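As you go down the protein sequences, you meet chains A and B in turn. Positions 1445 to 1483, 1512 to 1573, 1579 to 1822, 1828 to 1901, 1907 to 2236, 2245 to 2361, 2366 to 2383 (UniProt numbering) are the ones given, in order, by the first sequence. Positions 3627 to 3660, 3670 to 3736, 3741 to 3859, 3867 to 3916, 3921 to 4091 (UniProt numbering) are the ones given, in order, by the second sequence.
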Amino acid sequence: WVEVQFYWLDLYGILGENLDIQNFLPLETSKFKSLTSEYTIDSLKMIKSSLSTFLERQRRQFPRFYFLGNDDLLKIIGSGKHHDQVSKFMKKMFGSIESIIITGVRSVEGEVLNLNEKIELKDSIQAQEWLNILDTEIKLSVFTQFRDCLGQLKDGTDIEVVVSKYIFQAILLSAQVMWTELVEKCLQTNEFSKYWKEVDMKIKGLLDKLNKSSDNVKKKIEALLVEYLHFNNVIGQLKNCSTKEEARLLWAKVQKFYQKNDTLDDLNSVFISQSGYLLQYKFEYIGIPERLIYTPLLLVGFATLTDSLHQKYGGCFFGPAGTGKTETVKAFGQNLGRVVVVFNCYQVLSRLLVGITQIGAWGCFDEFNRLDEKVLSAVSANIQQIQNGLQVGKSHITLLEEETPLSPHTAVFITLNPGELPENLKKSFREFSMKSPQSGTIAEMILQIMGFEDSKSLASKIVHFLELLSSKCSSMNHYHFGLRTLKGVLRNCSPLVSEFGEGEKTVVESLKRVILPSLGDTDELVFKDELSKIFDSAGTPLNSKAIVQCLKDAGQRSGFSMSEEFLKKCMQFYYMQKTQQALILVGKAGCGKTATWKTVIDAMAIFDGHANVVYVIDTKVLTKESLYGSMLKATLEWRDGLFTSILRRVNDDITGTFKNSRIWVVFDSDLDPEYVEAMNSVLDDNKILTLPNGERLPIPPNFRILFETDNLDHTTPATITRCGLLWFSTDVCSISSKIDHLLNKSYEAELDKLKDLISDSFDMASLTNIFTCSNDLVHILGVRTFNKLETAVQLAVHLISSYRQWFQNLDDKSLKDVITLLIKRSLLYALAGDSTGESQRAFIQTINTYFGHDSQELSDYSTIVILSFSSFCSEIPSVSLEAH
Amino acid sequence: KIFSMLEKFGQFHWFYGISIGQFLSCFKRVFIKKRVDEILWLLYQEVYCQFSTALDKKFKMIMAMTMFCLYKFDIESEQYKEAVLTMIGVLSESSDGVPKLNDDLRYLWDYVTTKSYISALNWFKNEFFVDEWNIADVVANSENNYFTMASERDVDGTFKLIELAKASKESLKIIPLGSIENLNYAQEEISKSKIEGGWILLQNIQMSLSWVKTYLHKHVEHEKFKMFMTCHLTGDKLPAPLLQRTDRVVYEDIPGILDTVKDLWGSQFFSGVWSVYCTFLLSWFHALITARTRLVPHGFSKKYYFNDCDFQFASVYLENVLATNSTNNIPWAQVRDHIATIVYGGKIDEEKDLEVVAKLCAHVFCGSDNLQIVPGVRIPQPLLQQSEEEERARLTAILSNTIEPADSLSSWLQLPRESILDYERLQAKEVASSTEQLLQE
Ligand SMILES: Nc1ncnc2c1ncn2[C@@H]1O[C@H](COP(=O)(O)OP(=O)(O)OP(=O)(O)O)[C@@H](O)[C@H]1O
Ligand SMILES: Nc1ncnc2c1ncn2[C@@H]1O[C@H](COP(=O)(O)OP(=O)(O)O)[C@@H](O)[C@H]1O
């Protein structure tokens, strides 16, 4: 009833409200009217399947609406009057616009765009018309910002005032255009020093504007300084050319931007030249996205992509992972002022492919080798059909047995990681094999853009240090020393400069805070030795007495022991949760993980005075539907899962406590890729949660996520690198420390004299001997004695507590003998209790010979009866079993 | 014994699977063609002449030497048995010692002493297997109608089947695939030629192996009807029931270089004198790199596959360069870099191959006053008063008069002789080790 009513109202808002759209399917609309008058779910589903042709025509009206499924698109169509639910899901439309401000639009990362002129809105306007109007308006706004930026720059105005008003795209490509023009004017003569100095003072003034700017302005200015460093490097190389042949070759290799000065068109008026090859700029808004640091091999990849795409043939990359192929493709695409869709590896894939070839955008495939044979063959056939249609100049293509128009600018890109594509693809693709990218150049330019006074030498030192680490440390599964880790280190250097300053010390401290938690023990010693040998800074200890005092206070409050390894792990966790949001704690079973982060919670609750809320959740115990949600297909009903309910309750904040408290949601189970890929949107810097119903639940900055696991064989390197990975190489305690903590815990769960006698009776001298003797004993279901101390304590102290009723009527020697016998029995049934009878008697003999002959020798069948020391022979009851 | 050896060959590779009815039909052909020693000799000759063309060159030499060894082991004495065994051992450098002392055996020892390994391997075919079979002899003396013509890459049988169809005056139909329209056209052509006959060509069917599994198993005496399909020896595995119902033919890539230059320049039908000169140099370089491709141990380090696509893209690039230059100053450095690190080095994933390709590019695209492209002939630069037809005639005349030397794999590709002798010695070692594995088992 509810599902039928909801579907009827949705279809009424789609088709019944609007006129002159029922002509395509008159019988289907008549059936819908009949069922609406009668009011069913099966008929509604059959109609919505028969309305796909009408839905296909609707998607053909505005091809940019094709990127969604059926449900999201019908939600868009139904809300065609309130002008809502469309701006919210704008991220999936263009990839660089999050919402609509009609005054303008707002980017995903947080940049606002202003239209050239307003667009009138009415309640009788269908979505496609004003959507296309908005697309044309934002494009024309980019064009007019280009032309006024060119007018201002040719007038003589400085970049610092232009960059603060317009969009990054316009000023970027304007600077590219004027750089091309002035390098050409320098090439017509033999003068290059003056333009080099001019761009040098331009870079310096842009840095001086950068150091006192807000977040969006800082991101835009950095995204401009990467290309300005490119311009500086190119002009410096051209000045160093001995002959004009080398200068001409180097200028032909690098990109050049030209604008036609006679064409009346706007979108077809800017082209890109590289070694005589022309590519058409698209002029699509991108905001301030990530800009790759430019390297000569990046320019070679740009050149070969241009050479491939000139002849209507797509590009294709292959090589080892970590060399930067997908990011190279993305930088090339957004360099042309257009957004390249990204595929992560059949019906949905083919639908996205046909949408791409009917929109004219670019398609990029990542990690192409993880497909089954059938889907691989079908995808290869579809790409071959698209590429043959593009080569033949066909207006329309017979792809997926539908007649869809083909744009001449459609391109398909595929990346591979060999150690393969079929014959038909390699007959119509060009393969490129990039080498290891120069981490020296990337590091040097990112350090220069971050204002490091010693950039080239420090970059060379840090890449040499990373190479030594990769060539000297162990070959562990989670060890990644590629460019991702270096970029993460240099990104985490940003909050540390406010306390350590630019130079070697900040780099060393961030290198410690990122690398050192993820290493083992001998790897940690190798890292420390290499850091001491290569880097000059010895790492003087900063003033952190308050936090270590708070950790020690929390440890003595919870009864924990403050061993230096535990302090090291606590400091690593604290410094790693200062910046990183999603932490992973990895170690052996029962090695002190939950205790570690609970101690951190208590210690920094004391330190900050800030309230803490903990929601302990096991990953594997709850299923996927119960953890997040389950779209009940019977009536399209939504039941919130535990994590999603917690997020909704903390977003609502009815009580208001969560505005002044920290909330952690731990995941205390083995990591499952099926359980962590569902929250990959929370994982990165987006800090947003996706849902099956499509809700985008924000995550507050104090809402931290934790993971506890014992192994990392079944965890992908993608989540490892994005998370702050903490590794527990060994146990965080001594045996005496754990035995004392367990004694204190059960005490909390002549009493003082009894406690003193128990604590003194657990003398470590003979305890260590018997523990290392039992460690050599074969135990079934072999577990460490560090996991048997709990059983020993909880048995011994409970036996003494139960026998406490007869402790006021015996001598001190008898009490000592009783205590010793109970301790011996508890340690027998804890340490050697999981071993054979002969080994049990051997451990009895070892206990008797290691606690001294003065103590009461525990027999193999000894017991205490209500009190005297008896043997188990006398308690056997004779039984007289009956016949039947 | 012969069938056991052929079963071993069929076990070594998925394309050599030999049935038993084929062997019995070959034995029938032994008596059909026109005392026990004569029958045995005719058996060996006919079986080799039928089952050589279904193997590649290395297995051709292996089977020839093994058949000669078996015949001489059964017929001749123990001393010749030991002599043959020790020559095979010294071919693989496993048994050291002179054979016991025969004019032909002395010729073998002379060839082994002179380290002419390919001549020593071909001596068996020169001495015993007098008769040879080409593709025309196989297709003429075959009672079937479905043919598989597989080969390595860097070569195709399209022109060979064109020549065969011209020789037989039959209308052939080359049917490329890649689209569902191509599949439907091939299906219609098959359904037509199953009624009206005619020779039908299929090319590179390994990509359409799925269509093979869909259609050919369900599908498979008309006059002048022979269906041809072309596969790749390095491709995916074909079905065994499909393979056993058809005749198998392996084609060998040509060993020459000047023939490749002539074949490339005979298809570049035309941009004036400079475009033609650039296309001529590009055809020469494509031929030289394709010749260097097959020398996998020494010239290169991995068997790449440069088809005509990269040559076509380099031609387009040279056309675009020549269009944007009115000063008659060709940017030799720019085209050299673009060929070395994008065109003929884009697929390359190794540094050393890039360095040798760049060295060859500098040797070919130097653009000197008087270039010596090979030690044999030198191509002078064009003058400034010529049209396209005069340059075409001059280039064709300077192409025809060149002499291909016996050391073209060394002098033209600029490699030391020791590398080629080591490669030939390694091939001899592989052949001898394989035939020992055939012998002792
Ligand atoms: N100073 C200490 N630091 C850490 N753990 C301690 C300390 N003293 C005692 N312990 C022991 O640590 C236990 C807490 O569990 P612990 O953190 O060691 O396990 P865990 O590795 O989180 O376990 P799991 O692998 O089952 O998730 C306490 O029950 C106590 O016995
Ligand atoms: N010019 C560049 N600027 C910034 N990062 C780069 C550049 N070139 C390569 N990278 C690095 O390439 C790595 C990612 O590429 P890659 O691992 O090949 O993608 P995939 O895993 O999808 O194949 C990242 O470490 C990125 O830092």
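A virtual CB, placed ideally from N, CA and C, is assigned to each residue, including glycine.
Listed by chain order, chain B residues near residue i by CB distance under 8 Å
i                : result
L1726 of chain A : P3981, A3983, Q3984 and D3987
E1722 of chain A : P3981 and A3983
Residue i CB to nearest heavy atom of ligand 2 below 7 Å
i                : result
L3705 of chain B : no
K1802 of chain A : yes
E1849 of chain A : yes
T2203 of chain A : no
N1899 of chain A : yes
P1924 of chain A : yes
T1781 of chain A : no
Rounded straight-line distance, which links the Cα of residue j to that of residue i
i                : j                : result
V3971 of chain B : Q4031 of chain B : 18 Å
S1746 of chain A : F1623 of chain A : 12 Å
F1847 of chain A : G2277 of chain A : 47 Å
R2136 of chain A : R1917 of chain A : 53 Å
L4071 of chain B : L3678 of chain B : 36 Å
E2017 of chain A : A1946 of chain A : 16 Å
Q3648 of chain B : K3872 of chain B : 18 Å
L2252 of chain A : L2038 of chain A : 30 Å
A2121 of chain A : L2109 of chain A : 22 Å
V1777 of chain A : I3992 of chain B : 8 Å
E2352 of chain A : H2228 of chain A : 28 Å
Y3683 of chain B : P3887 of chain B : 24 Å
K2232 of chain A : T2086 of chain A : 15 Å
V1448 of chain A : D1600 of chain A : 26 Å
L2070 of chain A : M1937 of chain A : 26 Å
Interface partners of residue i on chain A, CB under 9 Å
i                : result
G3724 of chain B : Near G3724 of chain B there are no residues of chain A at all, since even the closest Cβ is about 37 Å away, more than 9 Å.
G3996 of chain B : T1781, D1784, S1785, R1917, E1918, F1919 and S1920
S3925 of chain B : Those do not exist, as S3925 of chain B stays about 15 Å from chain A at its closest Cβ, beyond 9 Å.
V3896 of chain B : Here the premise fails: no neighbours, minimum Cβ distance about 19 Å.
Ligand 1 heavy atom lying under 7 Å from the CB of residue i
i                : result
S2224 of chain A : yes
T2081 of chain A : yes
Distance CB(residue i)-CB(residue j) smaller than 8 Å
i                : j                : result
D2155 of chain A : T2202 of chain A : no
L2272 of chain A : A2205 of chain A : no
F4015 of chain B : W3982 of chain B : yes
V3896 of chain B : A3689 of chain B : yes
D2008 of chain A : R2044 of chain A : no
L3855 of chain B : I3814 of chain B : no
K1696 of chain A : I1765 of chain A : yes
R1768 of chain A : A1863 of chain A : no
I1615 of chain A : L1590 of chain A : yes
Interface residues of chain B facing residue i [CB-CB closer than 9 Å]
i                : result
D1612 of chain A : By Cβ distance, chain B contributes nothing, its closest Cβ being about 33 Å from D1612 of chain A, past 9 Å.
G1796 of chain A : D3999
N1911 of chain A : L3816, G3817, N3843, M3846 and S3847
Residue i: contacting residues in chain B (beta-carbon distance under 7 Å)
i                : result
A1729 of chain A : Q3984
Neighbouring residues, chain A, relative to residue i (Cβ below 7 Å)
i                : result
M3873 of chain B : Here the premise fails: no neighbours, minimum Cβ distance about 21 Å.
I3992 of chain B : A1780, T1781 and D1784
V3966 of chain B : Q1788
Residue-chain proximity (residue i, chain C), Cβ-Cβ < 8 Å
i                : result
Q1603 of chain A : Here the protein chains are A and B, and chain C is not one of them.
Interface residues of chain A facing residue i [CB-CB closer than 8 Å]
i                : result
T3974 of chain B : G1753
What are the uninterrupted segments assigned as alpha helix (DSSP H) that are 4 or more residues long and contained completely in the segment 1984 to 2034 of chain A, given in chain order? 1991 to 2002 and 2009 to 2021
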